[PDB]
Amino acid sequence: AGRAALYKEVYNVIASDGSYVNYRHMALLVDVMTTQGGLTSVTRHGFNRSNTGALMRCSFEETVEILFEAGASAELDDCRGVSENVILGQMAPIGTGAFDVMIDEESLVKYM
Amino acid sequence: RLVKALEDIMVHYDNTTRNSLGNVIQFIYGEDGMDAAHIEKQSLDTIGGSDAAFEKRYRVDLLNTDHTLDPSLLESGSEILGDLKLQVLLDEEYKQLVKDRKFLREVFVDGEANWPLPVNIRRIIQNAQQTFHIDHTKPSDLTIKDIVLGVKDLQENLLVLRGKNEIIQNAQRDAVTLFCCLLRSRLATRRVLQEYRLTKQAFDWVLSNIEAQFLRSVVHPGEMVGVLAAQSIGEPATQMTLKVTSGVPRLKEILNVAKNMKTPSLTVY
Amino acid sequence: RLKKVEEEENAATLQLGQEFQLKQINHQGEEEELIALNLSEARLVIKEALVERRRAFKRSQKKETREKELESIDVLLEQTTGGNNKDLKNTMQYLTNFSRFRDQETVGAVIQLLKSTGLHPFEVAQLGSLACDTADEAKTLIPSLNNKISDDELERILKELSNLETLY
Amino acid sequence: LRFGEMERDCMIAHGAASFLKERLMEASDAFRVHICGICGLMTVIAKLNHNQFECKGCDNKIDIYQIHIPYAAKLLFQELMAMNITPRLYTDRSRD
Amino acid sequence: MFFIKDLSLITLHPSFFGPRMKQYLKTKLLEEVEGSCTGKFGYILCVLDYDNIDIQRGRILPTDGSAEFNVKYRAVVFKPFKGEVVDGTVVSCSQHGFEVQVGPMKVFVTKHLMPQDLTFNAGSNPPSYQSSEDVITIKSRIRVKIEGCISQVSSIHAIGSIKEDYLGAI
Amino acid sequence: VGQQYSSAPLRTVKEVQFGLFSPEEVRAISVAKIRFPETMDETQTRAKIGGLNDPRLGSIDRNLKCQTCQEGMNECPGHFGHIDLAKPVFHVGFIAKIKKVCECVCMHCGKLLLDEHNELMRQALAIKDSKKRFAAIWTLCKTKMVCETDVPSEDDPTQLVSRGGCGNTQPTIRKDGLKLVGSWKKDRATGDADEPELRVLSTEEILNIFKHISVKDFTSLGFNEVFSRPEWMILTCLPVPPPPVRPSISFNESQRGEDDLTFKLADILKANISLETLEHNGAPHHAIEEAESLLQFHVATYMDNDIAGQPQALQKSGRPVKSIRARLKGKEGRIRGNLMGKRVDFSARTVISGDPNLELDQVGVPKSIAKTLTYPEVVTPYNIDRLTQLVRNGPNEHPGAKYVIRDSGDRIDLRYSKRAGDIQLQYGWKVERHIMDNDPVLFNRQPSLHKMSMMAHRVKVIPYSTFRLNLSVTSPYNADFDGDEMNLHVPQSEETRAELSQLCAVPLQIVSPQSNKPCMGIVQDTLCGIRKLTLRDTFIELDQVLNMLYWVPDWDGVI
Amino acid sequence: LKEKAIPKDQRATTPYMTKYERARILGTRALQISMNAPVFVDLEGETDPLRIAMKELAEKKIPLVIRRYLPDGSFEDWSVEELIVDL
RNA sequence: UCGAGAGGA
DNA sequence: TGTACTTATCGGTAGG
DNA sequence: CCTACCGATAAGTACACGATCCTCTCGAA
Ligand SMILES: [Mg+2]
Ligand SMILES: [Mg+2]
Ligand SMILES: [Zn+2]
Ligand SMILES: [Zn+2]
Ligand SMILES: [Zn+2]
């Protein structure tokens, strides 16, 4: 019920001036803040303090603070995120990079 | 903050809105699973209007002299009269149409009919009447079994989630609901002949063009969605030039959460 | 990972490398036993692989006796592989001069005789490669035996190896 | 010209994963570094003429992998080593 | 002694993406593998069975057009051990000792690792090692026990001894 | 690429594990000793002493050297060294973590304060987290200030059983800068009457307690068995970053101009050399601790110089030293400034202009900009005649080339080169050619707020130096032409340019997914004139009616 | 842990080619053509390698196979021929 | 080049 | 300007 | 009817954050 009220409040500010933004965008942000258990702040201590790969988190304010926690607690960055593949300098698993492409020898002969 | 909070979020290949770690935020993107660009503000005619006009515009009664279809609309309009087997499905059609009005009034309690939904049926029928040059003088080539069955057979083809088990099949039915409610509203057995005058050749084309435009309107796996949403909410906030708190100072409270006054005026009824 | 202990020293107490296990894996997936070869076994395997190589190299082109084995192997090494391979010529030179059995028929019985007794494929690769006369000679040069095989039962095999022994 | 966070953000939104990566590497930093596959650090002493690739600390001339990563990342992991932090770069998967 | 092992290895340029690819890749495999000498596997001598080679699929790399193919193959290996008794042929004969060409690897035996009752003969060419009626010259097949192994470059070397029962000249 | 071929496998970084440097591994990892705190000259003649800078690591001035591996500045990755600290010291980052681990595990034995038998202890250890589990473990062992020997009385009938070693009283610990102090109570009608006893807790005491901590006490407090052992939170052996991390810069030729860290690294060696000689020579008891606090402070401000509101440390002149934390801190500092966002090549920027005769997807690039930016085209049988004709035109005639890359990595600068006029051009070679018409290129206007503002644009090479663009595309970018500038990015690969034309095209981005409606509209004169024209009042005579029709590029030819 | 790939039967993925796949398959085929790779379709005097890759898809003569990964690691290998180009 | 200062939609 | 972390005094609960 | 302990709500102190890009010039100990 809390998230349903949260959407009403977010949508009411977008409606106040500048109608409109599609339900999909605000309901995603709202579902992000509530698919946690309670309410999640969109700040350095709210969302940024989560079970996320250390490199993704250090790129938002608490940089060396989080990187010290990463080493002291022996955290492992999964390399599955957007941010950690940008730092590594690899084709990130986003749209074009979310699938791999192989060549088929069965098809190579078929077409000559 | 918004853009950094929703970087990881992306529509996966199994129509589910997950992230980097793999936690689920939404099971179907924005509840319907459509690429936001292929949507138009469409009107649901089953929710709006009086019960007298709704019963007049949609109720089909072959077992009556004044509530039947005139043979100038149907090719077989006189041999379809007094048919009990054909009225069984025309009762089944109107019993689903009266269910739609009661369910829609539960969803949109405010009474508004114009809502954004995929596939512009409004124009798909407007172009069919021009593409085939259909005249209002001569009767159609289709019958009642062709309309009421063809409309229901199309509803199966409109796939969002690729099913096999009880969960995915029920999630598929839940995903369409509001769209097929509009489809039942627009392709009613009476409406197809009374207002549109669709020939069997042009009707089969309209059903396929609806299926084709719907499968085009489905979200593309790889769409960054969260990144898209983060910018789609943050951009209008930049142009907030226009005694309760509103605009950007109120927008900080809704992000911060944030147990301070400003204007906590609760509403009692 | 993180240096590791290293394992153990490579010895003649069947303490083979951390890679060469008594029971290892296959490309297909099965748990196949270790494939160790002696000087007769390894000579007939490279000759077989290079005889079948020229057959495949010339398919695409479309659209016995001691000293006679030395010259025929030397020609085969030049056609199938280029001059760049120095190691293979020295090995094939050494394998044909020190092979115990020349005929593929005799080798089959040698492997059936040895790979059956209950000995590691490396001990078999060492028995079939080195010529031994006394039971004690084999027990000293291949120290992995001792308890693994009986002194008189090992002599029974050693006698049969002199009968299986080929003429040069 | 600068291709910062705001410029990277839109290229993710579009879905062009390789154009963003090319802008980030081929048109900017891009550096090939040898890493020890056993520990995951840049401990490798790569001689590209005598071929003595040896990693002092793991006695290995076999488990060594070269990688194209940005020169600033190489530099960042070296700064983290200077602060007693170990960003062990592993090319092998172990968590599904 | 010599083993047959199941082991694997390749990035292929897009200009070679034609029907004559499977055979061209098989050549790229033997071009590097055939002749190589790894520290863990030993000398890679001959890639067995040129036919039936498993190649699977080549994932075309991110920004370049090259295909990364995994080539599963079978090849003969020459891997020695510290204790492995080997009978090669004497190739180098000198005052210090002798070098034994056991297949593709050279093994060195010092004057101290061999018996004290033998000694080198300088007044005989090719250089020789006498005792009674046993002489070690330019050829002379010898039985050596590998006491130690040297990994060095892509060419394994050893340090064997011939001072024991049943050892020496053969 | 980092130049030159390598005979090693190339494989993507699939995961990155974090941990701490073991002072035992830092000794094996190290190639340097770092005894001398001086940097430039031999002793002291010319080119770096074998103490700090190139003892057996990174090269310096155009010399390949690099501990015999050579390779040169552009290839040499820099090698790590080690510096032995006379007395162990805390790590600035793990100050509260060391203090909170001491507040949980009791001292004198190195064993947990509460272990298994307590019901709340089982309720806190129930979570298999890392920090959330340790968060409860801190609040539980924070109190119950004495270690225990015998404790269960209401689980076994009455008698109590022993699970611990020594029952010594754990003290209350607080922070007074770089050091920690514990308050032992006692005072039960015995020593110190009623006031407690306070002790300065040295790193040598804490480290030996952390060494005696059990293998299960690591997992209970959020530590790893091989990556992050609590003993490595205290530094006994410090690693030294090579020259690529702290360069010499080179002031002219015979001058210096070293990096802020090279001076700071020597300052830790200077603070350590005073203790190294004091511990061996005349020891004045409470005068070595006065210097030990300065070595602790030197290693502290090297990593963190923007510490608590007590010390500062500045490298005279008055400007303060930039620490490793301040160097890679957010906003224009390594993570956000050199990794999340970077400066790029094959880019342009100039004042923008509007045009009614440009296509919606077109961009008017000036001749000087297209002649400066290059696209590397590979020599194929489909170009050859075209590619050689551009090489023939050279770097001054508009459709021309600047550099020709041959079979091996050898750039041929056509601006100079004795053979510029000749050039045969073989297949497989790369020819860097001037930008030409209808080339997919990214055109951008900062701030980049939404998915748009960064779109693909068909190129049209035009005179008059200014970025020309269509009028209707003023809305997605938001900018007008009141002295506004715009970026430009030429893609270098055939794949990235196909990822721009088949994804980010200007007309492909006509309908906005934000408001499910279009994000491009007819504006200004085109919107003002369309109302004036579209009304029953106005008609157009035959003469102007045929020019109105010819202006339409897809006109059928039917009046 | 073992494999995770579901066969070319019983697949829960879209039979249509995603806009990102279309741009990638063209991008890589146009790159390979530009790098001298052998062209399978009959050339009609095409000097641009993307114009070639675009026709290559129309005739369905591309020998590429797409590996569509799911969140649990499982993948379904879809050959370019199997996928339908609506978009 | 560091820093400060100034200036631009 | 707001959040989060950390320590000191304080009324009562019921058990021997 | 009193005490060994055990939860209250306090108030104080401490935390490193805040448009995007771009351009020009001055003066070090
Ligand atoms: Mg994680
Ligand atoms: Mg402006
Ligand atoms: Zn290592
Ligand atoms: Zn170097
Ligand atoms: Zn204790």
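If you go along the chain as it appears here, the first residue is 1 and each next one adds 1.
Heads up, the Cβ atoms here are built off N, Cα and C, so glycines get one too.
When DSSP labels each residue, the zinc finger (D:36-58) comes out as 0 helix, 3 strand, 20 coil, counted as helix, strand and coil in that order. Feature annotation from Swiss-Prot assigns zinc finger to D:36-58.
What Swiss-Prot records for D:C36, D:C39, D:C55, D:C58 is Zn(2+) binding site. For D:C58 (Zn(2+) binding site), the count of additional Cβ atoms within 10 Å of its Cβ stands at 23 [all protein chains shown].
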For D:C36 (Zn(2+) binding site), the number of other Cβ atoms found within 10 Å of its own Cβ: 22
Under 8 Å by Cβ from D:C55 (Zn(2+) binding site), same chain, sequence gap 6 or more: D:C36, D:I38, D:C39, D:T43, D:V44, D:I45, D:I64
Of D:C36, D:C39, D:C55, D:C58, chain C-adjacent binding-site residues (C-beta under 8 angstroms): D:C39, D:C58
